[PDB]
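**Q** sequence? don't have it. structure:
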Ligand SMILES: *[C@@H]1O[C@H](CO)[C@@H](O[C@@H]2O[C@H](CO)[C@@H](O)[C@H](O)[C@H]2NC(C)=O)[C@H](O)[C@H]1NC(C)=O
Ligand SMILES: *[C@@H]1O[C@H](CO)[C@@H](O)[C@H](O)[C@H]1NC(C)=O
Ligand SMILES: *[C@@H]1O[C@H](CO)[C@@H](O)[C@H](O)[C@H]1NC(C)=O
Ligand SMILES: *[C@@H]1O[C@H](CO)[C@@H](O)[C@H](O)[C@H]1NC(C)=O
């Protein structure tokens, strides 16, 4: 499982964004419809791929047939079968957050997951609320503004 | 600050293990690598480990005979080098990187932020010999010191008054005598009016022989 | 594989020191510069070819990309006497440069000469060592001659020079004349003759065996 994380990270400009994969890092910035989820080549993914049902779920690397691979997303055969849940999010190789469907259950609330601060640094000053989601009633922690 | 274990002397074909402890509390770092420098060569990367993923990378000169670990709870790194040869005589350094700059499955690289002071590992078949400490007695600035003669292998450290005297202290690099043993001196400039009134003591420590010597320098009669 | 030229350097204080780091293959901006003072742990100066590390003064400046790189230390001060080496982190294995030892120039300083007789304890062990101390001088070049009852010695002495000091940029030398207990008691006068640029005349310090 842990060997199934696409880890093709590349800091073309040494801006320090890659530190957020191991730990939160002092960060500040002034500058701070999605397409359907298809098959994402693992070569262009850096870090875990999260999908929301609306609960966050880690999607590891698999081949195009769905068999789990354990090559850290370095082989060309490794992809992410994301066509199913409501949306997925991940980091590309050059530090851009990719979405498809994302974790926005409300125009101002978002599902909270371990790598939210990394994928969406804009939401660092958000408050975590235990909100209720109607899908059956599901309750989950959400970072809201 | 990174603190490493003392120097080592090993027979060829044996194994050495060097530790790397943190002065303060454990801090945020993503990888632990090891670097050595042979006496006539430049710095050389040995290997590394990223503890979050449990992945390792080695250089070709060390494949199969090197093992690098990093305990995140205590903040202490380790490096065990097996099947030692004379080409491994070098000063071994410990490095920890804080900001990763590129990750290939499943290892991450980057610049080295924090370095350790270094650990000399000597690989030889000769016999370890403790040093013999002799004083250099003085005759308004006087000079005195200690002569550290006939020891093997390097290094030896000389402090004065258990570290209370550091200004003006010079410890010359060791010399390889024609007998095969090393020898050096450590001098210090002190005021002449302090002679006979200030007690001067040099602290000689030879880690490969576990020899600690405190020699009292004082003018002759 | 990285290459640093020149291997040594000698620049005056307050001036500008320029170092180079050529790469046999393109490494983009994945390059780091380090400073290693004598007997200390290396200290990260520049990362990403042109970005200073935290706590690094602004007078250190790196530049270059691809295969050519350059570190520049403006307003040079005596504390900059060290060895500087580059490191690339673009491809495995990680490689370092040969290094560049920098000497900081200063005014010519005459050595303070001392001479030490062999201790009574060592002489009891059958050997004798007579030391001549040349403390705090510049430049590094200096000559020491041992005369035993005015007879010039040869092939029985070893010298040792410290690394350049970081505060006053001076050197210190220690010449050790080694004899036997029998030979040491056959003579009386022991003197070392120091020849240095700072001295207008070869200074000699001597002692007589038994005062
Ligand atoms: C990282 O994300 C960016 C953003 O989508 C991708 O870069 C794009 O690449 C295409 C094709 O080269 C260009 O037309 C776009 O202009 C790029 N966008 C940006 C913002 O630079 C890139 O593909 C992703 N990383 C990887 C490895 O695929
Ligand atoms: C990780 O890789 C090793 C070696 O291929 C394999 O034995 C192991 O099962 C993998 N991890 C898991 C959780 O299966
Ligand atoms: C990282 O990306 C750059 C350009 O985006 C590319 O030239 C390089 O080969 C990539 N891989 C590295 C630096 O390992
Ligand atoms: C890539 O695939 C090949 C064959 O499928 C496999 O042997 C290899 O181990 C894979 N890569 C990694 C890094 O495991």
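**A** Sure, I can see it. Numbering: from 1, shown residues only, chains lettered A, B, ... in the order given. Ligands and ions are numbered 1, 2, ... in the order given.

**Q** spit out the contact partners of residue B:94.
**A** Residues in contact with residue B:94 (Cβ atoms under 8 Å, 6 or more residues apart in numbering or on different chains) are B:2, B:4, B:18, B:20, B:32, B:34, B:77, B:79, B:115-116. For every residue, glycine as well, the C-beta is placed using N, CA and C.

**Q** at 7 Å what do you get?
**A** Residue B:94 makes contact with B:2, B:4, B:20, B:34, B:77, B:116, according to Cβ atoms under 7 Å, 6 or more residues apart in numbering or on different chains.

**Q** that one falls within a strand, correct?
**A** Yes - assessed by DSSP: H, G, I helix; E, B strand; the rest coil, residue B:94 belongs to a strand.

**Q** partner residues bridging it?
**A** Counting by DSSP bridges, residue B:94 forms beta bridges with residue B:34.

**Q** any idea how far ligand 2 is from it?
**A** 28 Å (Cβ to the nearest ligand atom, to the nearest Å).

**Q** ditto for residue B:55
**A** From residue B:55 to ligand 2 the distance is 10 Å (Cβ to the nearest ligand atom).

**Q** surely that residue meets residue B:105?
**A** No - Residue B:55 is beyond contact range of residue B:105, at 8.3 Å (criterion: Cβ atoms under 7 Å).

**Q** in chain C, which spans are helices?
**A** Using DSSP state H, the helices of chain C run over C:120-124, C:181-185.

**Q** ok, how many other residues are close to residue B:90?
**A** 22 (other Cβ atoms under 10 Å in any protein chain shown).

**Q** can you name the residues that contact it?
**A** B:36-38, B:121.

**Q** distance to chain A and secondary structure for those residues - can I get that in TSV?
**A** Conversion of these to TSV gives the following (distance: Cβ to the nearest Cβ, whole Å; DSSP: H, G, I helix; E, B strand; the rest coil):
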residue	distance to chain A	secondary structure
B:36	26	strand
B:37	26	strand
B:38	30	coil
B:121	30	strand
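
**Q** which among these end up buried?
**A** B:36-37, B:121 (16 or more other Cβ atoms under 10 Å in any protein chain shown).

**Q** from the residues you listed, pick the one nearest residue C:193.
**A** residue B:37 (37.6 Å; Cβ to Cβ).

**Q** verify the stated contact: the closest one with residue B:91.
**A** Yes - the criterion here is Cβ under 7 Å, and residue B:37 meets it with residue B:91 at 5.1 Å.

**Q** and the residue in chain B positioned nearest to ligand 3, how far from residue C:48?
**A** Residue nearest to ligand 3 within chain B: residue B:102 (4.8 Å; Cβ to the nearest ligand atom). Distance of residue B:102 to residue C:48, given as Cβ to Cβ, to the nearest Å: 12 Å.

**Q** dihedrals phi and psi, whatever residue of chain A ends up closest to ligand 2?
**A** Using Cβ to the nearest ligand atom, the closest approach of chain A to ligand 2 is made by residue A:3 at 3.9 Å. Per-residue torsions, residue A:3: phi -80, psi 10 (degrees, to the nearest 10).

**Q** circling back to that earlier point, now tabulate the helices of chain C in CSV and tack on mean neighbour count and distance to ligand 4.
**A** Below are the helices of chain C laid out as CSV (neighbours: other Cβ atoms under 10 Å in any protein chain shown; distance: least, Cβ to the nearest ligand atom, whole Å):
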stretch, mean neighbour count, distance to ligand 4
helix C:120-124, 14, 63
helix C:181-185, 14, 69
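
**Q** in JSON lines: the ones you listed, plus distance to chain B.
**A** Converted to JSON lines, these look like this (distance: least, Cβ to the nearest Cβ, whole Å):
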{"stretch": "helix C:120-124", "distance to chain B": "4"}
{"stretch": "helix C:181-185", "distance to chain B": "13"}
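
**Q** out of those helices, nearest to residue B:194?
**A** helix C:120-124 (22.5 Å).

**Q** give me the distance between that closest one and the centre of its chain.
**A** Distance, stretch centre to chain centre, for helix C:120-124: 32 Å (Cα atoms, centre = their mean, to the nearest Å).

**Q** repeat that for stretch C:35-54.
**A** The answer for stretch C:35-54 is 20 Å, by Cα atoms, centre = their mean.

**Q** can you list contacts of it?
**A** Counting by Cβ under 7 Å, 6+ apart, A:14, B:111-113, B:115-118, C:29, C:31-34, C:56, C:58, C:60, C:62-65, C:69, C:71, C:82-84, C:163, C:166 sit against stretch C:35-54.

**Q** now the residue in chain B that chain A sits nearest to: how far from residue A:71?
**A** Nearest residue of chain B to chain A, counting by Cβ to the nearest Cβ: residue B:105, 2.5 Å away. Residue B:105 is 7 Å from residue A:71, where distance means Cβ to Cβ.
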